[PDB]
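Notes to accompany the following structure.
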Amino acid sequence: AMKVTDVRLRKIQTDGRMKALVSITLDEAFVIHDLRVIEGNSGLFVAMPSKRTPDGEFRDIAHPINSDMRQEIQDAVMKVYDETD
Amino acid sequence: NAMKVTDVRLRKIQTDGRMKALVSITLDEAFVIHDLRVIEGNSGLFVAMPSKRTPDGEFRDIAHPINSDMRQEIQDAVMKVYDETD
């Protein structure tokens, strides 16, 4: 199964919602940039890079098909976020 | 070595301009990347990566292959479909 093989992030100091900008590498072969760690009072999460669509709303530019893989990415990213000064 | 492009969704665009198609790909039946673009370059058609405009007029490429096998697989899988498309 596909693995997150690298996580690179830069923490941001603010009281805004966006806490870090993140790049992940999948199977040592493909890099996705502009993920973010977001903090709200409902908890921490990792968002995919996204765009405003011809609406209206924002949609992920790149994303897992299966929600289990979304959690996998989040766990891998948050692991590194916690390790980061 | 590379993951496989297991699905390609492609829409041709008709124009004199250099963007000839908008493309979404799926890797190993598990991960989707949208807004790849088939581009007419000086030396022929190629596949460019999702590129997000910044609020200051520049662009950021959101996803790229980081090895040769992965790079060639994207170009090959997408252009294969482009060339099958009327």
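Just remember, in the structure tokens the first chain shown is A, the second B, etc., residues are 1-based per chain, and ligands are 1-based in the order shown.
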ask   = Do you know which residues are at most 12 Å from residue 72 of chain B counting only C-alpha atoms, after dropping those on the same chain fewer than 5 positions away, and could you put them as an MDAnalysis selection string?
value = (chainID A and resid 29) or (chainID B and resid 1:5 46:47 64:67 77:80)
inquiry  = Give me the residues near residue 31 of chain A as a ChimeraX atom specification, where near means some atom within 6 Å (using only C-alpha atoms) and where sequence neighbours in that chain fewer than 3 positions away do not count.
reply    = /A:24-25 /B:63-64
Writer output for current selection, C-alpha atoms, as a PDB file, in the first residue's frame:
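This is the output file selection_21.pdb:
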ATOM      1  CA  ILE A  24       4.633  15.099   1.721  1.00  0.00           C
ATOM      2  CA  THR A  25       6.339  12.483  -0.404  1.00  0.00           C
TER       3      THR A  25
ATOM      4  CA  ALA B  63       2.837  18.288  -7.164  1.00  0.00           C
ATOM      5  CA  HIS B  64       5.788  16.864  -9.082  1.00  0.00           C
TER       6      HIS B  64
END
Using only C-alpha atoms, find which residues of chain A lie within 10 Å of chain B and jot them down as a PDB file with C-alpha atoms, in the first residue's frame.
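The new file result-v3.pdb reads:
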ATOM      1  CA  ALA A   1       0.000   0.000   0.000  1.00  0.00           C
ATOM      2  CA  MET A   2       1.077   3.585  -0.729  1.00  0.00           C
ATOM      3  CA  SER A  23       4.983  18.852   1.798  1.00  0.00           C
ATOM      4  CA  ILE A  24       4.633  15.099   1.721  1.00  0.00           C
ATOM      5  CA  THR A  25       6.339  12.483  -0.404  1.00  0.00           C
ATOM      6  CA  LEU A  26       4.542   9.331  -1.516  1.00  0.00           C
ATOM      7  CA  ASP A  27       6.501   6.071  -2.169  1.00  0.00           C
ATOM      8  CA  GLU A  28       9.733   8.086  -2.557  1.00  0.00           C
ATOM      9  CA  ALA A  29       8.428   9.061  -6.002  1.00  0.00           C
ATOM     10  CA  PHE A  30       5.951  11.921  -5.917  1.00  0.00           C
ATOM     11  CA  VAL A  31       5.794  15.117  -3.841  1.00  0.00           C
ATOM     12  CA  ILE A  32       2.648  17.067  -2.924  1.00  0.00           C
ATOM     13  CA  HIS A  33       3.112  20.614  -1.650  1.00  0.00           C
ATOM     14  CA  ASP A  34       0.907  23.171   0.120  1.00  0.00           C
ATOM     15  CA  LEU A  35      -0.743  20.888   2.633  1.00  0.00           C
ATOM     16  CA  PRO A  49      -3.712  21.878  -1.193  1.00  0.00           C
ATOM     17  CA  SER A  50      -6.981  23.415  -2.450  1.00  0.00           C
ATOM     18  CA  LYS A  51      -8.469  25.843  -4.976  1.00  0.00           C
ATOM     19  CA  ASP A  60      -8.683  19.621  -2.902  1.00  0.00           C
ATOM     20  CA  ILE A  61      -6.199  19.794  -5.780  1.00  0.00           C
ATOM     21  CA  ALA A  62      -4.750  16.458  -4.668  1.00  0.00           C
ATOM     22  CA  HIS A  63      -6.308  13.955  -2.237  1.00  0.00           C
ATOM     23  CA  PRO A  64      -6.532  10.311  -1.190  1.00  0.00           C
ATOM     24  CA  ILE A  65      -9.456   8.293  -2.472  1.00  0.00           C
ATOM     25  CA  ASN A  66     -10.027   6.473   0.845  1.00  0.00           C
ATOM     26  CA  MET A  69      -5.471   7.216   3.827  1.00  0.00           C
ATOM     27  CA  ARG A  70      -6.488  10.765   4.778  1.00  0.00           C
TER      28      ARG A  70
END
ask   = So how many Å separate atom CA of residue 10 of chain B and atom CA of residue 47 of chain A, to one decimal?
value = 25.4 Å
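For the pair atom CA of residue 23 of chain B and atom CA of residue 48 of chain A, the separation is 18.3 Å.
Between atom CA of residue 76 of chain A and atom CA of residue 7 of chain A lies a distance of 7.5 Å.
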task = Name the closest residue to residue 11 of chain B among the candidates B:76, B:85, B:59, B:45; distances are taken between atoms, counting only C-alpha atoms.
result =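 Closest candidate: B:85.
Using only C-alpha atoms, the smallest distance between any of B:9, B:73, B:22, B:86 and residue 49 of chain B comes from B:22.
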task = Run DSSP on the backbone of this structure and report the residues of chain A it assigns to strand (DSSP E or B), as a ChimeraX atom specification.
result = /A:4-11,18-26,30-40,43-47,50-52,58-60,62-64
request  = Between A:52, A:73, A:42, A:85, single out the one closest to residue 13 of chain A, counting only C-alpha atoms.
outcome  = A:85
message = Let's see if you can do this: from backbone DSSP, list all helix (DSSP H, G or I) residues in chain A, as a ChimeraX atom specification.
response = /A:67-83
Please, could you write that set of residues out with N, CA, C and O atoms as a compact mmCIF listing (two decimals), in the first residue's frame?
# COMPACT_ATOMS: atom_id res chain seq x y z
N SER A 67 -10.84 7.49 2.91
CA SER A 67 -10.66 8.30 4.12
C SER A 67 -9.62 7.71 5.06
O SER A 67 -8.94 8.45 5.77
N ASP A 68 -9.42 6.38 5.03
CA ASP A 68 -8.36 5.79 5.86
C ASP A 68 -6.98 6.38 5.53
O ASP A 68 -6.13 6.57 6.42
N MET A 69 -6.76 6.65 4.24
CA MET A 69 -5.47 7.22 3.83
C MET A 69 -5.36 8.69 4.23
O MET A 69 -4.27 9.17 4.50
N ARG A 70 -6.49 9.40 4.26
CA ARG A 70 -6.49 10.77 4.78
C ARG A 70 -6.03 10.77 6.25
O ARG A 70 -5.19 11.58 6.64
N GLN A 71 -6.56 9.84 7.05
CA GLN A 71 -6.11 9.74 8.44
C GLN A 71 -4.63 9.37 8.54
O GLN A 71 -3.91 9.87 9.41
N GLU A 72 -4.20 8.44 7.68
CA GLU A 72 -2.78 8.04 7.62
C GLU A 72 -1.84 9.24 7.36
O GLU A 72 -0.80 9.37 8.02
N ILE A 73 -2.20 10.06 6.37
CA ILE A 73 -1.45 11.29 6.07
C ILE A 73 -1.48 12.19 7.29
O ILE A 73 -0.45 12.71 7.74
N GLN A 74 -2.66 12.35 7.89
CA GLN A 74 -2.77 13.27 9.04
C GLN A 74 -1.87 12.82 10.17
O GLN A 74 -1.20 13.64 10.79
N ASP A 75 -1.91 11.51 10.48
CA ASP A 75 -1.07 10.95 11.58
C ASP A 75 0.42 11.19 11.31
O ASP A 75 1.14 11.57 12.19
N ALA A 76 0.86 10.93 10.07
CA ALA A 76 2.27 11.08 9.68
C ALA A 76 2.69 12.55 9.79
O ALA A 76 3.77 12.88 10.32
N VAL A 77 1.83 13.46 9.28
CA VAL A 77 2.12 14.90 9.35
C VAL A 77 2.10 15.41 10.80
O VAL A 77 2.99 16.17 11.22
N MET A 78 1.11 14.99 11.59
CA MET A 78 1.01 15.51 12.94
C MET A 78 2.16 14.98 13.81
O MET A 78 2.61 15.68 14.71
N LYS A 79 2.61 13.76 13.52
CA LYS A 79 3.79 13.21 14.18
C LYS A 79 4.96 14.19 14.02
O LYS A 79 5.59 14.61 15.02
N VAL A 80 5.23 14.60 12.78
CA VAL A 80 6.32 15.55 12.50
C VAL A 80 6.07 16.94 13.06
O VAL A 80 6.98 17.58 13.59
N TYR A 81 4.83 17.41 12.99
CA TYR A 81 4.47 18.71 13.54
C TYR A 81 4.84 18.75 15.03
O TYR A 81 5.47 19.71 15.51
N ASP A 82 4.48 17.70 15.75
CA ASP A 82 4.77 17.64 17.19
C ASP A 82 6.27 17.61 17.48
O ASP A 82 6.69 18.09 18.51
N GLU A 83 7.04 17.02 16.58
CA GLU A 83 8.50 16.93 16.73
C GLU A 83 9.21 18.24 16.40
O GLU A 83 10.40 18.39 16.70
task = Find the spatial neighbours of residue 41 of chain B, counting only C-alpha atoms, within a cut-off of 12 Å - ignore same-chain residues fewer than 5 positions away - and output them as a ChimeraX atom specification.
result = /B:17-20,46-48
Suppose we keep N, CA, C and O atoms; can you now write the selection as a CSV table (one decimal), in the first residue's frame?
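The file below, out.csv, is the result:
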chain,number,residue,atom,x,y,z
B,17,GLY,N,-4.4,28.6,-28.4
B,17,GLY,CA,-3.5,28.7,-27.3
B,17,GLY,C,-2.7,27.4,-27.0
B,17,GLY,O,-2.9,26.4,-27.6
B,18,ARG,N,-1.8,27.5,-26.0
B,18,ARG,CA,-0.9,26.4,-25.8
B,18,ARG,C,-1.5,25.3,-24.8
B,18,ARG,O,-1.0,24.2,-24.9
B,19,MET,N,-2.5,25.5,-24.0
B,19,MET,CA,-3.1,24.5,-23.2
B,19,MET,C,-4.2,23.7,-24.0
B,19,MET,O,-5.2,24.3,-24.3
B,20,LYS,N,-3.9,22.4,-24.2
B,20,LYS,CA,-4.6,21.6,-25.1
B,20,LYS,C,-5.6,20.6,-24.3
B,20,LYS,O,-6.5,20.0,-24.9
B,46,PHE,N,3.6,18.1,-24.0
B,46,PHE,CA,4.0,17.5,-22.7
B,46,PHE,C,3.0,17.7,-21.7
B,46,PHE,O,2.0,18.5,-21.9
B,47,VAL,N,3.2,17.1,-20.5
B,47,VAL,CA,2.2,17.2,-19.4
B,47,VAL,C,2.8,18.1,-18.3
B,47,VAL,O,3.9,17.7,-17.7
B,48,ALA,N,2.2,19.2,-18.0
B,48,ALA,CA,2.6,20.1,-17.0
B,48,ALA,C,1.8,19.8,-15.7
B,48,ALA,O,0.7,19.2,-15.7
